[PDB]
Amino acid sequence: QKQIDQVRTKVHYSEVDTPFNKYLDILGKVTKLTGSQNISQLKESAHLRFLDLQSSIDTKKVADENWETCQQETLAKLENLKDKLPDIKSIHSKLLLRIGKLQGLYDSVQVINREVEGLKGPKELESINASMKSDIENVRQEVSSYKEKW
Amino acid sequence: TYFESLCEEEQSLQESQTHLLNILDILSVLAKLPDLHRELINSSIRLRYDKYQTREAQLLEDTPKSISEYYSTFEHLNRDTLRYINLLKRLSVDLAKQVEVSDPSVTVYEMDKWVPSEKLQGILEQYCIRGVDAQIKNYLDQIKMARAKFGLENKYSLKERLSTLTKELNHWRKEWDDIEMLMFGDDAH
Amino acid sequence: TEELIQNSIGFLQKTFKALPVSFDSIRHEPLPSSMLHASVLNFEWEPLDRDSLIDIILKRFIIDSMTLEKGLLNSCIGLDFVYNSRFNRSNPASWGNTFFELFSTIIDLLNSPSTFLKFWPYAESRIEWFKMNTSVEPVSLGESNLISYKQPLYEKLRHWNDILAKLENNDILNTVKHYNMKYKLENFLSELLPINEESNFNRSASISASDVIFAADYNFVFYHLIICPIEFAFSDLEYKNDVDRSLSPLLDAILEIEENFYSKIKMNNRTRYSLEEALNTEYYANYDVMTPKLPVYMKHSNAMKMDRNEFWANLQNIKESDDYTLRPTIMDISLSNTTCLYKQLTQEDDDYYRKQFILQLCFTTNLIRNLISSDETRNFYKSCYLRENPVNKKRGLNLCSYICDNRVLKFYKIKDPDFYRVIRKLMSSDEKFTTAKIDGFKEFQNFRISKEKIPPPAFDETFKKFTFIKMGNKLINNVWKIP
C-alpha cells in the first residue's frame with residue numbers, strides 16, 4: 001500500500017506553469033555557454049521572457065486578494081440578519097390571509113350548490129308565463145272573428 | 001503565507017535578472033567573468049528553491065442566532081406558496097351550471113360559455129367579512145321567492161283561462177263549418 | 001528596449017479611444033467591423049522577432065487597463081483585434097495561443113461573480129472563435145477542432161477546473177450568484193468539446209457524495225440506502241434486512257396520506273357531475289375525465305385576475321432583490337430540523353414533498369435490480385472501483401420488487417396516470433444511457449453532418465400536345481375519311 005499513496009502524492013502536486021519554465025531555460029542556456037553577434041538575439045529573448053513571467057505573478061497577487069474580500073463581505077452580510085426578518089414576515093402574513101379569503105369563497109360556493117339541489121328555472125318560469133299570457137288575447141281575437149263571420 | 005511567499009519570489013527574480021544582463025554585456029563586448037558565473041549560478045539556485053515553498057504554501061491553504069431564525073420563516077414561505085398554487089386549480093370547487101338559455105333562435109349551447117348570473121358575479125368577487133355571506137343568505141331567498149311566484153301563477157291563473165277559452169273556440173269553427181259547408185257544398189250540385 | 005513597449009502602449013490607448021462603439025453594442029450581438037484603418041492591421045505602427053513582441057504589448061496593455069465600462073470595453077476591443085488580424089501574422093496558424101492566453105487572464109481579474117455575469121455574454125456570443133484551434137478558416141457548425149490533451153487546453157483546462165473546485169468547497173458561503181456562475185462556466189466548457197471526449201461524459205460512474213420516530217427512520221433509510229447504492233447491493237443478509245426493518249412502516253405512513261389526498265378530489269367531482277346530470281334534461285357527465293381546470297368565475301373576472309398578478313410581482317421583487325441572496329432553493333427537504341420535516345411530509349394539501357421521496361426510491365431501486373440481474377453491469381463497476389483503488393440475490397430482488405412494482409405502480413396506475421406514466425418513461429430512459437455509458441458512447445460518434453448545397457427543384461408547367469390522327473386509332477378514323 002506504500003506504493004499507492006507513494007504515487008498519489010506524486011499526482012497531488014503536478015504543475016504546468018509554462019512561462020516560469022520558459023524563463024529557467026533561457027537562464028541556464030547562458031550558463032552552459034558560459035562554461036567555455038547572434039548573442040544580441042538572445043538579449044532580445046532576455047527581456048521578453050523576463051517581462052511575461054513578471055506579469056504572471058502580478059495577476060496571482062491580485063486575484064488572491066480579490067477572492068479574499070469576496071469572502072468577507074458575504075461574511076458580514078450573514079451577521080446583520082435582524083433587519084431582514086420583519087419584511088419577509090409581512091409578506092408571509094399577507095399570503096397567510098389570502099388562503100383564508102379564498103377558503104371562505106370555496107365555502108360559499110359550497111352552500112350555494114347545496115341549496116340549488118333543494119330545488120325549477122328562474123327565467124324559464126318567466127318566458128313560459130309570458131307566452132301563456134301573450135296568446136290568449138289572440139285566441140279571444142279569433143273566436144270573436146268566428147262569432148262575427150257566423 | 002501564500003501572498004508573502006509570492007512577494008519574496010518576485011524579489012529573488014529581480015535579484016537574478018540584473019546579473020544575467022550584466023554577463024550578457026560582457027559577452028557583447030567579447031565579440032573577470034568566473035565571478036559573475038558563480039553569482040548567476042547561486043542566484044538561480046535561490047529562485048528555484050524559492051518556488052517550491054510557494055507551491056506547498058498554496059496547496060495548504062485550500063482546505064449569531066438570528067441566522068437560524070432567518071431560514072425558518074423563509075422556509076415556511078416556500079411551504080405555503082405551494083399549498084396556495086395547488087389550492088387555486090387542482091383543489092378547486094366549481095359551480096352547478098344548469099342551462100336556462102332564452103332566445104329560442106339557437107339549437108346548440110356548447111356547455112362551456114356559461115358565465116353565470118352577472119348579479120352573482122359582483123357578490124362572489126366581493127370576497128376579494130360576514131357581510132358577503134349574509135348577502136348570499138338574502139340572494140338565495142330572493143330567488144326562491146321570485147321563482148315561486150310564477151310557478152303558481154301558471155297553475156292557478158293562466159291555465160284556468162286557457163282551458164275554457166280554447167274549449168269555446170271549436171264551438172264556432174265547427175258548427176260554422178257546417179252552416180258554411182252544408183248549403184254551399186250541395187247547392188252547386 | 002522597454003521604451004518601445006511603453007510608447008506602443010500609449011499609442012494603442014490613444015487610437016482605441018476614437019472608435020465609436022458602446023459596451024452593449026460591442027458585447028452581446030456584434031463583432032466590430034473592419035473599420036480599423038487596415039494600415040494598423042499591418043503591424044507597422046507609429047513607434048517603429050516581431051510576433052511575441054506584439055503579444056507582450058497587448059497583454060501588458062490589458063493588464064494596465066483593468067486596474068467599470070472603459071476597462072471591459074477596451075479589453076473586448078483588444079480580443080476582437082486579435083481575431084481580425086489573423087493573416088498579417090508570421091505563422092498565422094499560431095494565433096490560437098495568444099488568443100486563449102489573453103482570454104484566461106481577463107477571467108482572472110473580474111473581481112466578483114457580479115462583474116463576471118456582467119461580462120459573460122461576450123464569451124457566449126463568440127464560441128465559434130474558440131474552436132478552430134489553429135485552422136484559420138471557419139469551421140463547419142456542429143464540429144469542434146479541439147482536443148483536450150494538447151497545446152491549447154493542456155493547462156487551460158486544468159486551471160479552469162481549479163476555479164470550479166475552489167468555488168465548490170465553501171458550501172455555506174455561496175450566494176445565489178455563485179451557484180448561478182458555476183453553472184455558466186461549466187455549461188460553457190461542456191460545449192468546446194465533442195460529446196464523447198473521455199472528458200464530457202462522466203467516464204467512470206462517480207456517485208455524488210411522535211415525529212422523532214418518523215424522522216429517525218427517514219434519516220436512517222436515507223443515509224443507508226439512497227446515498228450509497230453499491231454498499232447496499234453487495235452486503236450481507238443482515239444489513240439488507242436492517243434497512244428493510246426501517247423502510248416499510250414509513251412507506252405505509254405515506255401511502256396512507258396519498259389516498260386521502262386523492263380521495264377528496266374524487267368526491268368534489270362526482271357530486272358536481274351528479275348535480276349536472278340531475279338538473280338538466282338530456283346531459284351526460286362522461287366520467288373518467290378528471291382533467292383539472294379552474295372554475296369560470298375566476299377565469300372571467302378581471303379584478304381577481306389582477307390581484308394575483310400584482311402579488312406575484314411583489315413576491316418576485318422581494319425574493320429577487322439583494323439583501324436576500326442566501327435563499328434556500330424551492331423544493332428542498334431539510335433533514336436536520338426533524339420537526340418541520342414531519343410537517344412537510346404529513347401535510348394533506350401539498351403533494352410536492354411526498355413525490356420527491358418516491359422519485360428517489362424509484363431511481364435507486366432501478367439500479368439495484370439492474371446490477372443483480374445483469375452480469376455485464378456489475379462487471380463494469382467492479383472494473384471501475386478496482387482501477388480506482390487496487391439466496392442473497394433472492395432477498396435483494398424481493399425487496400426490489402416489493403416497492404417499485406407492488407405498492408407504487410399498482411397505486412398510481414389507478415390513482416392518476418398522468419404521473420404514473422412519467423415515472424415509467426424515466427426509468428426506461430435511464431437504462432438507455434446506462435448501457436450507452438458501458439460502451440464508450442460509440443453511438444454518438446456515427447452522427448453525420450451533410451454538407452452540400454441544394455438549388456430549387458424543377459416544376460413542369462407544360463401539358464402534352466396532340467397528334468393528327470384525330471379520331472384516335474387509325475382504323476376507326478379511316479371510316480370518317482370516306483366521302
# chains A, B, ... in the order shown; residues from 1 in each chain; ligands from 1
>>> interface_residues(of="chain C", to="chain A", cutoff="7 Å", atoms="only C-alpha atoms", output="ChimeraX atom specification")
/C:56,108-109,111,155,173
>>> interface_residues(of="chain C", to="chain B", cutoff="10 Å", atoms="only C-alpha atoms", output="PyMOL selection string")
chain C and resi 166+169-170+261+264-265+268-269+271-281+283+291-304+307+319+326-334+337+340+343-344+347-353
>>> closest_atom_pairs(of="chain A", to="chain B", cutoff="7 Å", atoms="only C-alpha atoms", output="Markdown table")
| residue | atom | partner | partner_atom | distance |
| --- | --- | --- | --- | --- |
| A:37 | CA | B:31 | CA | 6.5 |
| A:61 | CA | B:3 | CA | 6.5 |
| A:79 | CA | B:64 | CA | 6.8 |
| A:81 | CA | B:66 | CA | 6.0 |
| A:82 | CA | B:66 | CA | 6.2 |
| A:85 | CA | B:70 | CA | 6.5 |
| A:92 | CA | B:77 | CA | 6.0 |
| A:99 | CA | B:84 | CA | 6.6 |
| A:101 | CA | B:127 | CA | 6.8 |
| A:105 | CA | B:127 | CA | 6.8 |
| A:106 | CA | B:93 | CA | 6.1 |
| A:109 | CA | B:95 | CA | 6.8 |
| A:113 | CA | B:96 | CA | 6.2 |
| A:121 | CA | B:100 | CA | 6.8 |
| A:122 | CA | B:147 | CA | 5.1 |
| A:123 | CA | B:100 | CA | 6.9 |
| A:124 | CA | B:100 | CA | 6.4 |
| A:125 | CA | B:150 | CA | 6.0 |
| A:129 | CA | B:154 | CA | 6.1 |
| A:132 | CA | B:158 | CA | 6.4 |
| A:133 | CA | B:158 | CA | 6.9 |
| A:136 | CA | B:162 | CA | 6.5 |
| A:143 | CA | B:169 | CA | 5.4 |
| A:146 | CA | B:172 | CA | 5.8 |
| A:147 | CA | B:172 | CA | 6.5 |
| A:150 | CA | B:176 | CA | 6.0 |
>>> atom_distance(atom1="atom CA of residue 25 of chain C", atom2="atom CA of residue 128 of chain C")
19.1 Å
>>> select_by_dssp(residues="chain A", states="helix (DSSP H, G or I)", output="ChimeraX atom specification")
/A:2-12,18-34,39-79,85-116,124-149
>>> atom_distance(atom1="atom CA of residue 137 of chain C", atom2="atom CA of residue 91 of chain C")
14.3 Å
>>> residues_around(residues="residue 156 of chain C", least_positions_apart="4", cutoff="10 Å", atoms="only C-alpha atoms", output="list in words")
residues 16 of chain A; 100, 101, 104, 148, 151, 152, 160, 161 and 162 of chain C
>>> atom_distance(atom1="atom CA of residue 94 of chain C", atom2="atom CA of residue 130 of chain C")
13.6 Å
>>> closest_residue(among="A:42, A:128, A:102, A:7", to="residue 29 of chain A", atoms="only C-alpha atoms")
A:42
>>> decode(residues="segment 18-93 of chain A", atoms="C-alpha atoms", output="JSON list (two decimals), in the first residue's frame")
[["chain", "number", "residue", "atom", "x", "y", "z"],
["A", 18, "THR", "CA", 4.81, 27.29, -18.53],
["A", 19, "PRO", "CA", 6.21, 30.87, -18.51],
["A", 20, "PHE", "CA", 8.34, 30.27, -15.41],
["A", 21, "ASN", "CA", 9.87, 27.21, -17.04],
["A", 22, "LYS", "CA", 10.45, 29.23, -20.19],
["A", 23, "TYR", "CA", 12.47, 31.65, -18.11],
["A", 24, "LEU", "CA", 14.55, 28.92, -16.50],
["A", 25, "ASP", "CA", 15.51, 27.64, -19.94],
["A", 26, "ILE", "CA", 16.95, 30.93, -21.19],
["A", 27, "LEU", "CA", 18.58, 31.25, -17.79],
["A", 28, "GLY", "CA", 20.54, 28.01, -17.89],
["A", 29, "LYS", "CA", 21.44, 28.22, -21.57],
["A", 30, "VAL", "CA", 23.65, 31.23, -20.87],
["A", 31, "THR", "CA", 25.44, 29.27, -18.15],
["A", 32, "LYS", "CA", 26.08, 26.25, -20.35],
["A", 33, "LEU", "CA", 27.52, 28.53, -22.98],
["A", 34, "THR", "CA", 29.47, 30.37, -20.29],
["A", 35, "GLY", "CA", 31.41, 27.35, -19.03],
["A", 36, "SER", "CA", 33.67, 27.75, -22.05],
["A", 37, "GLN", "CA", 26.77, 38.61, -32.87],
["A", 38, "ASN", "CA", 23.83, 36.21, -32.54],
["A", 39, "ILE", "CA", 24.05, 36.77, -28.78],
["A", 40, "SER", "CA", 22.26, 40.09, -29.29],
["A", 41, "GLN", "CA", 19.35, 37.93, -30.44],
["A", 42, "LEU", "CA", 19.41, 36.23, -27.03],
["A", 43, "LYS", "CA", 19.37, 39.67, -25.43],
["A", 44, "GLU", "CA", 16.03, 40.19, -27.14],
["A", 45, "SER", "CA", 14.59, 36.97, -25.74],
["A", 46, "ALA", "CA", 16.21, 38.02, -22.47],
["A", 47, "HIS", "CA", 13.89, 40.97, -21.93],
["A", 48, "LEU", "CA", 10.70, 39.49, -23.38],
["A", 49, "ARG", "CA", 10.62, 36.32, -21.29],
["A", 50, "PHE", "CA", 11.54, 38.39, -18.25],
["A", 51, "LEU", "CA", 8.52, 40.66, -18.62],
["A", 52, "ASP", "CA", 5.96, 37.93, -19.23],
["A", 53, "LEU", "CA", 6.97, 35.91, -16.16],
["A", 54, "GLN", "CA", 6.79, 39.02, -14.01],
["A", 55, "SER", "CA", 3.34, 39.97, -15.30],
["A", 56, "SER", "CA", 2.07, 36.50, -14.44],
["A", 57, "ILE", "CA", 2.96, 36.82, -10.76],
["A", 58, "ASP", "CA", 1.21, 40.18, -10.68],
["A", 59, "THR", "CA", -2.12, 38.60, -11.57],
["A", 60, "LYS", "CA", -1.73, 35.90, -8.94],
["A", 61, "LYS", "CA", -1.10, 38.65, -6.41],
["A", 62, "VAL", "CA", -4.26, 40.45, -7.49],
["A", 63, "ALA", "CA", -6.64, 37.50, -7.81],
["A", 64, "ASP", "CA", -5.83, 36.01, -4.41],
["A", 65, "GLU", "CA", -6.55, 39.43, -2.94],
["A", 66, "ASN", "CA", -9.93, 39.90, -4.61],
["A", 67, "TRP", "CA", -11.31, 36.48, -3.69],
["A", 68, "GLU", "CA", -10.44, 37.15, -0.07],
["A", 69, "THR", "CA", -12.57, 40.28, 0.13],
["A", 70, "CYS", "CA", -15.49, 38.48, -1.51],
["A", 71, "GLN", "CA", -15.48, 36.03, 1.39],
["A", 72, "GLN", "CA", -15.53, 38.82, 3.97],
["A", 73, "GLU", "CA", -18.45, 40.83, 2.60],
["A", 74, "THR", "CA", -20.66, 37.77, 2.31],
["A", 75, "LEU", "CA", -19.48, 37.01, 5.83],
["A", 76, "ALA", "CA", -20.55, 40.33, 7.35],
["A", 77, "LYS", "CA", -23.74, 40.09, 5.31],
["A", 78, "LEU", "CA", -24.56, 36.96, 7.28],
["A", 79, "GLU", "CA", -24.35, 38.81, 10.61],
["A", 80, "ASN", "CA", -26.93, 41.61, 10.45],
["A", 81, "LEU", "CA", -29.97, 39.42, 9.83],
["A", 82, "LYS", "CA", -32.08, 41.31, 12.35],
["A", 83, "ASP", "CA", -33.18, 43.88, 9.78],
["A", 84, "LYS", "CA", -34.35, 41.36, 7.19],
["A", 85, "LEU", "CA", -36.91, 39.38, 9.17],
["A", 86, "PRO", "CA", -39.73, 41.96, 9.58],
["A", 87, "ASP", "CA", -40.36, 42.42, 5.87],
["A", 88, "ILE", "CA", -40.36, 38.73, 4.96],
["A", 89, "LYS", "CA", -42.69, 38.17, 7.89],
["A", 90, "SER", "CA", -45.03, 40.81, 6.47],
["A", 91, "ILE", "CA", -45.20, 39.10, 3.08],
["A", 92, "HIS", "CA", -45.70, 35.79, 4.86],
["A", 93, "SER", "CA", -48.62, 37.36, 6.72]]
